[PDB]
There are 2 protein chains.
Amino acid sequence: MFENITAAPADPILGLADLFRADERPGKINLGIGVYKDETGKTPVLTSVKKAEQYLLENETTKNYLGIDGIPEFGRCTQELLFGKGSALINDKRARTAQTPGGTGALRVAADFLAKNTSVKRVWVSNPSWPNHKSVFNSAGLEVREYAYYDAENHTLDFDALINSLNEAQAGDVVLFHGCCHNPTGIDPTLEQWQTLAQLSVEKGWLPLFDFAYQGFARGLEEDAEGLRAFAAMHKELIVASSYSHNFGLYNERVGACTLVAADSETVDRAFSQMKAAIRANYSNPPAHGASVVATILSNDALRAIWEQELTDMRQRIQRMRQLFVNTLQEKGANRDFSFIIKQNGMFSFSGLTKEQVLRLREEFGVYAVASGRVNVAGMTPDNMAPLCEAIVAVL
Amino acid sequence: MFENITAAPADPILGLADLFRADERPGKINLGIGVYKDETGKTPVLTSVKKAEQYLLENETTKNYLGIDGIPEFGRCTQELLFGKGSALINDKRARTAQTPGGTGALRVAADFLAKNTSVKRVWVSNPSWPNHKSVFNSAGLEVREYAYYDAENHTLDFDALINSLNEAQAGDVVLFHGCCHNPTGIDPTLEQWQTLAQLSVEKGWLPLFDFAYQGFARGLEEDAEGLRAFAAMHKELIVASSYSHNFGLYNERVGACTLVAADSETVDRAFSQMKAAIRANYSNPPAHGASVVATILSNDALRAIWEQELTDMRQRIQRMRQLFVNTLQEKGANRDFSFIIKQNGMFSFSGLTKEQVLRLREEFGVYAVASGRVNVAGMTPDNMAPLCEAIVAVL
Ligand SMILES: Cc1ncc(COP(=O)(O)O)c(CN)c1O
Ligand SMILES: Cc1ncc(COP(=O)(O)O)c(CN)c1O
């Protein structure tokens with residue numbers, strides 16, 4: 001068996017890594033990373049997390065299994081971050097949360113739940129989107145279709161082309177929205193647009209699936225769910241997949257959740273059971289450590305105070321780099337307007353460079369970036385900003 | 001969309017615990033648990049585990065992602081544990097290990113790998129088996145078929161019906177073997193019987209899949225891998241799904257591995273990349289905490305020393321409760337020979353009790369058992385042994 005299995009193709013983001021740690025020549029800049037890096041270039045453990053991990057060390061008495069849905073307090077804190085402090089969704093008891101292995105595991109259990117219990121046969125994702133959205137939905141047996149999103153010329157949300165591509169989508173199709181900090185584009189709808197899409201979605205019959213992986217990195221924790229909260233205001237049913245990988249620095253402990261809301265509680269209880277059946281045939285029940293660290297910090301006023309300040313300085317660093325990048329491009333002599341970098345959100349933006357420009361940048365040296373011209377702004381430091389900008393100007 | 005989604009039935013194992021908690025009776029006994037419980041009735045955190053968690057607390061500088069296959073020495077260590085330190089499979093670089101969320105996770109990853117890359121279509125599981133076996137394989141789109149195993153009349157392995165049901169069972173069918181401590185019977189093949197099944201497995205063309213959830217709980221760490229090792233001597237190809245939930249008491253940190261062995265190095269690397277492609281569309285990369293704890297313990301000779309003793313104490317406690325159960329039973333008047341209980345391994349046995357006697361023990365007494373009559377011997381203490389045997393003697 002296996003004698004003739006063909007290799008899997010190299011995961012585009014994930015293959016640049018080894019080319020980088022193989023280059024080993026001097027002042028290399030890797031901007032194809034998917035994680036936050038500080039001014040040192042390190043991805044530290046938040047000290048709010050180090051303080052909650054020692055409370056757990058000293059307080060845990062069992063590593064017995066968690067329920068299929070995970071830790072209760074985890075679920076409740078997630079519903080308050082997503083829908084806000086006193087919403088009807090929470091008080092009417094219309095939402096159920098299964099703690100999950102990361103934002104990806106959330107996507108995948110929604111997908112198995114949806115493939116196995118509904119008539120959904122499609123999901124519309126944006127062009128472009130995180131590459132792995134096509135593969136997780138596809139591995140569940142769903143067809144993924146692409147709506148338009150980006151304007152390659154003006155560097156914006158081509159709203160008129162997104163509405164228009166979306167008009168081909170039928171009722172009972174799921175449409176996938178990135179809740180804030182769009183990967184790879186960083187371009188996000190205004191509240192006025194989110195409300196347009198909300199209303200259009202009610203009347204055309206889409207099921208909304210929000211993927212909320214960077215809450216806190218564009219504007220702020222609540223501001224960032226303004227979009228999800230306008231859909232939630234008017235939808236009877238919707239699904240939200242989130243991740244605490246980026247805002248808690250908890251990448252490898254696999255921390256995310258998958259929230260179901262339905263019209264009332266007895267329906268969402270009946271549907272969450274089939275969601276829970278999906279989890280049990282997948283990994284049985286979730287990793288406790290990282291979700292325990294998330295629920296400890298969010299449950300306690302002192303730790304949550306320190307965490308919000310750690311999320312704030314990460315947000316503010318990215319914002320300082322976006323600004324310091326288009327100013328250094330200006331004074332080192334760039335002949336294109338990069339102002340648009342300042343209008344986009346979170347760690348990613350398309351620099352607007354050609355495939356052959358990113359290949360020459362890497363080979364004629366030093367700057368590594370995703371072949372799409374995607375650049376992670378958190379890989380820039382005041383120290384490497386001038387050699388990086390040096391090289392981008394030298395290839396324009 | 002979720003309006004007419006139907007409930008999903010009570011999980012056989014899971015749903016009993018509620019019934020118990022919620023019964024609020026006096027001296028009640030729960031033998032429907034699936035975790036080790038000590039003499040006092042609790043599932044503690046191993047001392048060696050708590051020492052590696054302080055080591056990690058003090059030493060981790062980042063929670064940046066793990067590769068798709070997780071921690072390398074985690075993988076090296078489980079290959080030596082499974083196949084012994086000088087195995088040709090290791091020296092010839094014929095096996096690849098991916099770290100997964102638990103043994104359930106390992107089994108869903110093998111299933112998605114087989115279902116979407118291979119031609120498998122069928123996997124044969126013993127009758128009876130752990131009930132969630134059928135659900136992980138069915139969720140990936142594979143038929144599960146049953147082979148006979150257990151003789152109710154003599155309480156043994158009737159090898160003749162097992163060998164006879166694995167006939168025909170087409171070349172290229174998957175056959176799942178519990179490596180040691182068969183759940184639910186505790187009935188295991190002898191080394192002559194493992195060697196016969198190995199020989200008949202290469203004659204016939206089957207793909208063996210070992211579920212290895214309890215290594216160390218029958219007669220030893222190494223004694224318990226003789227079966228697998230007897231197949232691994234003769235096969236070109238083999239999959240192993242192991243869990244570190246029980247022998248390390250790390251139930252909820254989801255620690256398990258999925259090992260692929262193919263006939264040589266180049267084939268396992270081409271087949272393992274499609275395995276990684278299956279992982280990446282599921283949860284993307286594995287929970288780091290529980291597996292970091294298993295690699296710190298197994299790679300530090302001091303800690304490994306304390307752990308093997310902790311593991312040994314748990315094996316011996318279960319061996320004592322098995323003797324103490326048939327003894328107390330013979331003294332309280334027990335009408336039937338229960339000596340077979342001592343012949344079986346690990347934490348489970350079928351008590352040989354009727355669905356109606358199992359409800360008699362719950363409704364009239366405090367004894368909770370799964371309706372198959374499966375009891376977990378680790379839920380017995382020197383203390384409750386005699387109220388428990390008085391109740392089953394009353395229903396015989
Ligand atoms: C848009 C998006 N969705 C999901 C994920 C996956 O999140 P996680 O790392 O929590 O699995 C990411 C992160 N790579 C993402 O950017
Ligand atoms: C035979 C068998 N296989 C796999 C598993 C799953 O182990 P885990 O809880 O680590 O996923 C168990 C335990 N429930 C088991 O008994």
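Sequence lines set the chain letters: A, B, ... in the order given, protein chains first and strands last, and positions in each chain run from 1. Hydrogens, waters and symmetry mates are skipped; everything else that's a heavy atom, side chains included, is used.
Neither the backbone nor the side chain of A:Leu46 comes within contact range of chain B; no heavy atoms are under 4.5 Å apart. For chain B, no part of A:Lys42 is nearby; none of its heavy atoms comes within less than 4.5 Å. Residue contact with chain B, scored on non-hydrogen atoms closer than 4.5 Å, involves the backbone and the side chain of A:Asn282 alike. Contacts of A:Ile68 with chain B are made by side-chain atoms alone, with heavy-atom separations under 4.5 Å and no backbone atom involved. For a residue to count as touching a neighbouring chain, one of its non-hydrogen atoms must lie under 4.5 Å from one of that chain's; by this rule A:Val261 touches chain B with the backbone only. With a threshold of 4.5 angstrom between heavy atoms, A:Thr100 does not approach chain B through any atom at all.
Counting heavy atoms from C-beta on, the side chains of B:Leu57 and A:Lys50 come closer than 4.5 Å. Taking the side chain as every heavy atom from C-beta outward, B:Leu14 and A:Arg280 approach each other to under 4.5 Å.
When A:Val174, A:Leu207, A:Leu114, A:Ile239 are each tested for a side-chain contact (heavy atoms from CB on, under 4.5 Å) with B:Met1, only one passes: A:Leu207.
In terms of heavy atoms, A:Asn64 sits closest to B:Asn252 at O-ND2, 2.8 Å. Nearest heavy-atom pair across B:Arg270 and A:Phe2 is NH2-O, 4.4 Å.
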Show, in sequence, the C-alpha distance, side-chain angles and deciding distance for A:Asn285 and B:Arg254, and conclude whether the side-chain contact (heavy atoms from CB on, under 4.5 Å) test is met.
CA-CA 8 Å; A:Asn285 46 59; B:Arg254 303 269 84 210; 3.1 Å; yes
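A donor-acceptor pair is defined here as one N or O able to donate and one able to accept, closer than 3.5 Å; no such pair exists between the side chain of A:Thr267 and the backbone of B:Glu3.
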